[PDB]
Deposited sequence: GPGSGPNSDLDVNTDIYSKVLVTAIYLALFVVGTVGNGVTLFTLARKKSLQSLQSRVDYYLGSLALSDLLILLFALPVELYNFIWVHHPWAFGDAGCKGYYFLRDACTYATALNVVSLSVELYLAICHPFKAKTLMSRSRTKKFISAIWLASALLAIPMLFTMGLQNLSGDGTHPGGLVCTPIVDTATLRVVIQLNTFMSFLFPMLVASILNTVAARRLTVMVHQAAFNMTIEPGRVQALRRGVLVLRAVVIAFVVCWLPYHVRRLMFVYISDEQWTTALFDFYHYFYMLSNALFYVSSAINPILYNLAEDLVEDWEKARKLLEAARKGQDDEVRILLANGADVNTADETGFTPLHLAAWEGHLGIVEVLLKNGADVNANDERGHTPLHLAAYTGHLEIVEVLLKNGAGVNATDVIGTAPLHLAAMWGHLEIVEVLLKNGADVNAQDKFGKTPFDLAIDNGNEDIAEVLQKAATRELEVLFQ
């Protein structure tokens, strides 16, 4: 049946077979272990679908395709079921994949500005959109006489105009539309964050854990969109070609080019399936870091030395922050956890971290009257004369709230006795306003000592 022969060289097929087997043995294992691991252990519901659609594609489509579309172009060896089935399955699984990707972008965006049911809607809608493949594809005998058994081939059973509509809509619905929508959400999400980073930078010393996580989420989701554009554009271009050249432009050269482009287009297609477990690992590590950062902020407040040292050892960011810009060391200083202040300083917590209101840990230790925390913060080189947005120094707070011992150690660590806030009030002024005579006296003698120095 010479008319139906492809004439791709043997090596070409052997090379694609080597590549297909590579993608299959690694991709199946990869996507299998991804599901198996979620079964064992919100975002996970999404990564399950993606892992499942790819596993279904690599397990059922790729072996069938390697046989009847790479090696043996005729006849079709899987019946009108296998024909309509292969195409239905593929359309379903890509649709499922594409819609999940839109969900992740939507979910990320909403975070930056029930689920188990939502997943099932995605899959069922994937079955719906894929049904037109059950009516367009089928077996036909294109052999010379019109009855030769070796000319039985799986191929469109409708006219070109009909096939143009399904394929153009398929190109729209499964590829262009959802990937554009994701690109738009990806870009807005990114933009919204980038101003958060500037605003945080303007005030804080450290931007929050929630931002650092969503920031890294934008980059991965961007990579996945770029990944599909590359892996899916050739494929769709090849299927438009099939229904955009009529019959009277199809030269023997253009016929040969198509079956090579088919090997290449469908190599790249299966590559998206085999890369998915990378996205899974990136997303999961991004999520695990956030939870550890979150768990470490609870532990620092609650004063749980054990949980802290487990989280720090297992890689938790010592200098993570909340929306306020509160680090673990801020929380430990504030809650009066001397032991936790010391473990956080050992593991390199920033001693001069500023929150939104420009409060260092020393500010919070000097406000709440923890002499031993003040002493340890200062031992590790805290800013004695660090001033908040109001121009309040730690010595202001110590003097205002009557922490004489803190005043004395602050003074002897080089505190400016004469520091003034926005409203020009000195520690001494604050000491008197509230009625701390012993402090006010210590301060005024310090003030006097400095006068003497000027006049000699």
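Residues 1-6, 48-55, 128-139 of the deposited sequence, counted from 1, carry no C-alpha coordinates in the model.
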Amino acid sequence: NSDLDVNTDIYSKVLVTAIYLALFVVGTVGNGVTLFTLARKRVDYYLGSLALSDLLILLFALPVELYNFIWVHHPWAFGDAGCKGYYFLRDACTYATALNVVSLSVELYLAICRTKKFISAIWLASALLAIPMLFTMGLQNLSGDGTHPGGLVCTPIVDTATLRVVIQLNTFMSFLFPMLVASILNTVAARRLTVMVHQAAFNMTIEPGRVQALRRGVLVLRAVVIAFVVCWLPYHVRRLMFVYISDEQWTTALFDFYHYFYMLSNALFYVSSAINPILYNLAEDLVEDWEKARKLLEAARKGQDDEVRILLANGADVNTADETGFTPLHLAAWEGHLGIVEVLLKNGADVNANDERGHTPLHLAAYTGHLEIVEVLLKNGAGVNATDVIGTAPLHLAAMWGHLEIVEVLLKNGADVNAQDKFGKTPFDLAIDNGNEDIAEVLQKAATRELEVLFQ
From here on, numbers count along this sequence of modelled residues.
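Mean CA B-factor, 43-51 versus 390-398: the higher value falls on 43-51. Two stretches are in play, 267-275 and 201-209, and the higher mean C-alpha B-factor belongs to 201-209. Within the selection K302, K379, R90, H359, the deposited Cα B-factor values reach their highest point at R90. Among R114, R238, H259, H337, the highest C-alpha B-factor in the deposited entry belongs to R114.
When all modelled residues of the chain are sorted by CA temperature factor, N31 is found within the middle third.
Ranked within its chain, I406 lands in the lowest third, by CA B factor from the PDB record. When all modelled residues of the chain are sorted by CA temperature factor, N347 is found within the lowest third. When the CA B factors of the chain's modelled residues are split into thirds, the value for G217 lands in the middle one.
Sorting the modelled residues of the chain by their CA temperature factor places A419 in the lowest third.
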